[PDB]
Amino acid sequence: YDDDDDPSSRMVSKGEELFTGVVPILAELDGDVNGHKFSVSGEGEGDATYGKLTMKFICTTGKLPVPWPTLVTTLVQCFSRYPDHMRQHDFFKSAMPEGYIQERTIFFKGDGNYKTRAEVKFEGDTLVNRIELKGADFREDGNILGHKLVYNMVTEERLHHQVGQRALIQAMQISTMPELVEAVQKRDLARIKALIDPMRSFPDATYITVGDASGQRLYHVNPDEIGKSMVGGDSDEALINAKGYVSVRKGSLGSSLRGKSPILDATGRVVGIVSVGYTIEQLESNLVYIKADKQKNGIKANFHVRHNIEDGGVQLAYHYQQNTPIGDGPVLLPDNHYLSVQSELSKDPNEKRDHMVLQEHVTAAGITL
């Protein structure tokens, strides 16, 4: 029965507690790219409770025939920091200590593709992740086999045309919802919240804020800021002139790129404003959009990364990721969310072999509860 048996107790969220504390990491990767064979091996520590990890990789066969930035994504998502209000969504630790396998396909726009089969298991009390990468149909004089990429990482860039267009469309579309303009006008916080929480369905923008005609917040991601007044001083141009714009200013959440747009009734008076924003922090970050998978019991993940080519522009890399657990123990399949990565490519001043020193910060955000 429910008393004749597991340890744990009596305050956690899963047996995946191996990561409280700094955990040793070990990883190899057997690589083939259009014939060019090579292999990488890396040591380093990883402290999931701070989301950070530092590692050093070494190409044990000679000169690495591809750019080091191209292998950063395939060379330990266990070490993401899921906050205590999201720890019921860490599918990566869920598979520990039994482990999960991690298969990914990486399309380099204008060139070839990486196809990686990996498994992140445990060995003793040290984390292991051995990969087999296969690269197909790469232009020999291309940016990858021609080593024409910069040694940064890298990434989401830059200034900020794409998401600015995206942030404003989200704002205006929300502010023309017919039930929303009736909602704001009656100051129905309940109906306002029930119309907007389904917005943040798959998380993307950091916040969606709705003000009344006086800038008083009627909806905010942090609920103890409802009824407070929006911060930034860049919402008169919407609340007074009924025109919608992009703006960069410091709100309750720090520096913020936000698209603002008025809410109009049938007359054309502005009854309020919506503000969709992205933190300047999260805009300088790589975001891995992961959703749960029932047919395979696991997750899928979609994201892309830019690779600044030196002397040129950008070589984009589109990633399609899918994870399946090794041991078919119990589950932990998460609702829609993402992880924000910040990584830095260094060099060991005393190593001479072709290598890479990677410091990486990853945080789980998307659900505000």
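Counting begins at 1, following the sequence as shown.
Counting the deposited residues that fall between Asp5 and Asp6 and carry no coordinates gives a value of 1 to 3.
Counting the deposited residues that fall between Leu75 and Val76 and carry no coordinates gives a value of 1 to 3.
Stretches compared: 299-307, 324-332. Higher mean C-alpha B-factor in the entry: 324-332. Of the two segments examined, 250-258 and 114-122, it is 114-122 that shows the higher average Cα temperature factor in the deposited entry.
Which of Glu179, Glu157, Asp204, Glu225 has the largest Cα B-factor in the deposited entry comes down to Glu179. Within the group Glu281, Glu103, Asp212, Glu237, the record's highest C-alpha temperature factor is found at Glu103. The entry lists a Cα temperature factor for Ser343 that places it in the lowest third of the chain's modelled residues.
In the deposited entry, the Cα temperature factor of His220 sits in the bottom third of values across the chain's modelled residues. Split the chain's modelled residues into thirds by C-alpha temperature factor. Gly232 is in the lowest one. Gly164 sits in the lowest third of its chain by CA B factor, as recorded in the PDB entry.
Per the deposited record, the Cα B-factor of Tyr289 falls in the lowest third when ranked against the other modelled residues of its chain.
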